[PDB]
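**Student:** sequence first, structure after; it's an experimental one.
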Amino acid sequence: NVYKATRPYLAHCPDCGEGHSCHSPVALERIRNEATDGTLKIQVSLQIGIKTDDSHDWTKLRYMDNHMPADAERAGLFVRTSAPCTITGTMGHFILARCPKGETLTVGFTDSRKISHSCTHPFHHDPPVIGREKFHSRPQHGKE
Amino acid sequence: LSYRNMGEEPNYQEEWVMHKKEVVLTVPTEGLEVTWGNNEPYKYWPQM
Amino acid sequence: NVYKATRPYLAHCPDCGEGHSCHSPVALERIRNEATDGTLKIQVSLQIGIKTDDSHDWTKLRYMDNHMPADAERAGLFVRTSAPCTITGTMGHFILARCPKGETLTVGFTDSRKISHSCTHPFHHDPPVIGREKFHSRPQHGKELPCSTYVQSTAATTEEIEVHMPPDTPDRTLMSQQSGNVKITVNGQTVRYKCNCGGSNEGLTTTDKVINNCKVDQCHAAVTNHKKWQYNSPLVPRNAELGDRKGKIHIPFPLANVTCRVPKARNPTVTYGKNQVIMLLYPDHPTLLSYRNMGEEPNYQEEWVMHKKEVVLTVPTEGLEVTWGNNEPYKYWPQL
Amino acid sequence: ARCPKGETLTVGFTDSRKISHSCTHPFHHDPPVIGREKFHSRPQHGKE
Amino acid sequence: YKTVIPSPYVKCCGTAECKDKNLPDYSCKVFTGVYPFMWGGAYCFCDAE
Amino acid sequence: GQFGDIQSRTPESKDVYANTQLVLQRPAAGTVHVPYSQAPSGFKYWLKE
Amino acid sequence: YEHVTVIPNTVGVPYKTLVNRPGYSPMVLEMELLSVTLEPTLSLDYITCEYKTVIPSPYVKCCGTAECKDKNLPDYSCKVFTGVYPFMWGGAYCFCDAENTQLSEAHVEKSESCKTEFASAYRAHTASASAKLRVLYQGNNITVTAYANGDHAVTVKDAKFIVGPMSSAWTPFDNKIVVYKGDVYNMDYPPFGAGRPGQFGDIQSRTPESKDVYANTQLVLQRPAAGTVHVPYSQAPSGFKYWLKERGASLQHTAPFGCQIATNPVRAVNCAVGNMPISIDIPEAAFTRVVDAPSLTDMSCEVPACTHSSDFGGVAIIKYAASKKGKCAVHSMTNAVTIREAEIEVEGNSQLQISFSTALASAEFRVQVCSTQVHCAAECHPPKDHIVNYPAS
């Protein structure tokens, strides 16, 4: 459980909700979009799949709560651009998600005290044109 | 939509078609190759 | 009760969620958009307003769950393009919905086991604005314009669908690899089997059967029930021992021409001059401005006004007619 | 309320009898732009 | 217009033949070497026939 | 694709004329469907242009 | 018997040659180019990819001064900011109000993606030609694959084949080329250690696994925000990422003579340019003395139908009187008319139907059946189409 030694910290956010900037535990760092299929590699301030005692638990989340790290739920975690995104992988600071056409990326979660925190960053999302056709929905059967 | 001549001077031209469009392309003696999206390139040759 | 011979079924989907294709019980068939008002006629794999015991219940839903049909909730059903859609009618395979501008149509629901299944199809949605004003809320009293919508008459008339027999429902979950042999688990059902291997390689079994020295891929089974009817779906295979034998049933909600009440663009700030007219156009939505001369040479000019614009138009002796959106044409005459 | 880009404003609630009522009005919502750059997210430190 | 398309006739371990029908814009085609799949597995026994 | 791609005598007429350039395509791997290439409705296009 | 022939460098067109060994009956060989491959000799200059701006945790010195250490790293940038008062979760990180400093250090490295996502900068020198050729030898199609240098000999059905050497040295590639996955671009890329920021070559490395890298990205550190711990910087965006968007069409789409560009190794396939010599050493067992062949006499030529087009739009019936049953070669002795039939069967007093292609309206041509010639009179008519979809002689 590599999460025994490792830990979590806090950062800053440009949009915690309603255009107000604050110190968010779900603060956005780097949003990688090198994948041609459309998968986004999101780097966050908190840690997913690890508990406060440094132990592996996929249903648990580790975030910073006023000087001390606290536990949260994996189900509470959400990613959205203009519509919700499907999460296809979570480990530590990294989240994998497939998002529709959007201009701002939003990443959030829900804590133990039932309070939701979300960080919004301006990001022009528009999966490149893989091929010669600019389609929106992906086909089950087509050209390889 | 992309097109080229199959001779000495290819003269490559590219354009993103989005709406209903009518395109008139000149076919030389050497031939004209037209690629429409992910489809295989269509070959055209002059005749009588 | 035409629903005596009718029944539900299952189909395939090109997008069950996160771009992955599967066999969805909420599979999309045909998305009709003939109505000029903006109403969509969606055909789905499941049946709404009917229970498993063949009884009418508006709060209940009937979907296919691994060889057997199961009940679900009407409240769990949802339709969306880019934002959620308002459902304005549900009966059997058909759903009526008003959707905003979108490129992909999504139809889903929630089962008894609290698991949500949704089918996504690429569909370019963009209803043709009615009139010359892009309003959101419909008015109780306004300008009468011709349009089209799907009526709520259940009466068996006009439109019809082709329904065929569902011979034997294929099921690969009926076969199992018992070490080096194939076991066919009946589960109190009549199963029709066929294998490539020797010995018993055909028949209609009511009991559990075992095929010695065979592989699951070299076998095929399916339940029998040539007592129910099914709609001609391209997502379901055609009956093997059948050519083009099919039936037909009348369908509810037909398309009919009606009347729609739209709005009219607000009058612009008009100032007159020496043989010229000045208009200060303030459009709330894209409004069409057209003008012509009332003489020998009309010289028609058209432009879509979207932002704050000032237009100077020359008025000849014959007269100038200006049409601003859905408003009645304004006539102007100079002199002297 | 702080609202995103929209063309119609909707305000609703739920009563004692578990029935939801909502009123929709056509309203062009779109926060104006300040400065000379059209950004989305607000910066913590920048030009005053 | 309405493009009326019925259920496709999938012939397992055999060949199907097109019948010339007197219908507006009637189109017919037979595709060889098809291996289709359904909910419970393959609809046909043969691999390429 | 043009105005008159489908021609009929009256809205209730029996016989119809059709020129839509309809061609069937080979179905996808392990898929039961009827893929086709056809020019879109000339009447629907005219109603816009 | 060695047979030397020259055919144009055109893939998909069948060419017929007459093999006439003195004292032996003539032989007709049909040759068709299936593929021409022109592989250039490459020399890798460098490789370009996305860069990684490695920025560690800033050294915030409370109640003191921090000093920059000159490090030997690509695009190494260092700066110390005086009078900083940063804030954390539980309050201020420092005790002093204005006596605090912050050391902001940075450097440019090759991204983890460079092993997968990269563009290679090659220097093309000379090219070696090699060809796939189809031969209708003894009524059977044979496949011959050999280098077009005029030295590499391949023996198929006891016949030695020597392709080459290429006549033209023209190549769709220039002295400097750029390769990305399956696309080749004729680019005049910047030399090694001379790349500019924001452009193709802002980050230059020898191989995708190389240790030392060149970096020119114009990286400058900025002063952090009031009560904020962060490393703000001004840097020109990735030149490789920008090029991937603004590169245009590759050689596969822009090259003349209908060139098809392939990768790994990079070479040009099917390129109609120049000619190509082909030597065929046909064994003596494939020949058959003439005296052992059949003759022909009194032969008439009647043309019931002719349409001058790119394809065989002419039909000709030739009457003959043969000595014995055997195979006889059919060939047009006129360079304007071409016959579809290479060889037919004769018996005695009979006739033969042949398909022919011509451009002339009035066509007077001689057809050599076996070893005897016959004059054909034809008045061909124009075709319905002015433009055709296939090339002709």
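**Tutor:** Done, it's in. Numbering: from 1, shown residues only, chains lettered A, B, ... in the order given.

**Student:** please make it C-alpha for all contacts and neighbour counts, starting now.
**Tutor:** Will do.

**Student:** where does chain A get nearest to chain F, residue-wise?
**Tutor:** Of all residues in chain A, residue A:141 sits closest to chain F, at 6.2 Å by C-alpha to the nearest C-alpha.

**Student:** list the contacts for that residue?
**Tutor:** If you count contacts by C-alpha atoms under 8 Å, 6 or more residues apart in numbering or on different chains, residue A:141 has them with C:14, F:28-29.

**Student:** now the end-to-end length of stretch C:44-64.
**Tutor:** Terminal residues of stretch C:44-64 lie 12 Å apart, using C-alpha to C-alpha, to the nearest Å.

**Student:** quick check, that stretch touching chain F?
**Tutor:** No - for a cut-off given as C-alpha under 8 Å from any C-alpha of the partner chain, stretch C:44-64 has no contacts with chain F; the smallest distance is 15.2 Å.

**Student:** so residue B:41 makes contact with residue B:3?
**Tutor:** No - using C-alpha atoms under 8 Å, residue B:41 is not in contact with residue B:3; the gap is 9.0 Å.

**Student:** neighbour-wise, which of the two wins?
**Tutor:** Here residue B:41 and residue B:3 are compared on neighbour count by other C-alpha atoms under 10 Å in any protein chain shown; more neighbours surround residue B:3, at 21 against 14.

**Student:** helix or strand for that one, just tell me which one.
**Tutor:** In the assignment (DSSP states H and E), residue B:3 maps to strand B:2-5.

**Student:** with residue C:118 instead?
**Tutor:** Assigned by DSSP H and E, residue C:118 falls within strand C:116-125.

**Student:** does that strand reach chain E?
**Tutor:** No - looking at strand C:116-125 against chain E by C-alpha under 8 Å from any C-alpha, there are no contacts, and the closest approach is 15.9 Å.

**Student:** quick one: the strand holding residue B:3 to chain centroid distance?
**Tutor:** The chain centroid and the centroid of strand B:2-5 are separated by 4 Å under C-alpha atoms, centre = their mean, to the nearest Å.

**Student:** mind listing the strands the helix or strand following that strand pairs with, and their directions?
**Tutor:** On the C-terminal side of strand B:2-5, the closest following helix or strand by DSSP H and E is strand B:13-14. Sheet pairing of strand B:13-14 (DSSP bridges) gives strand B:2-5 (antiparallel).

**Student:** now what about the partner strand, what contacts it?
**Tutor:** B:10-15, B:27-28, B:30-36, G:253-254, G:256-258.

**Student:** buried members of the residues you listed into PyMOL, please.
**Tutor:** Entered in PyMOL, the line below selects the buried ones among the contacts of strand B:2-5, by 16 or more other C-alpha atoms under 10 Å in any protein chain shown:
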select buried, (chain B and resi 10+12+27+30+31+32+33+34+35) or (chain G and resi 253+254+256+257+258)
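
**Student:** okay, and which of the contacts of strand B:2-5 map to helices?
**Tutor:** Assigned to helices by DSSP state H, the following of the contacts of strand B:2-5 qualify: G:253-254.

**Student:** could you find the residue in chain A that comes nearest to chain E?
**Tutor:** Using C-alpha to the nearest C-alpha, the single residue of chain A nearest to chain E is residue A:141, 12.9 Å away.

**Student:** check chain B too.
**Tutor:** Ranking the residues of chain B by distance to chain E (C-alpha to the nearest C-alpha) places residue B:20 first, at 19.1 Å.
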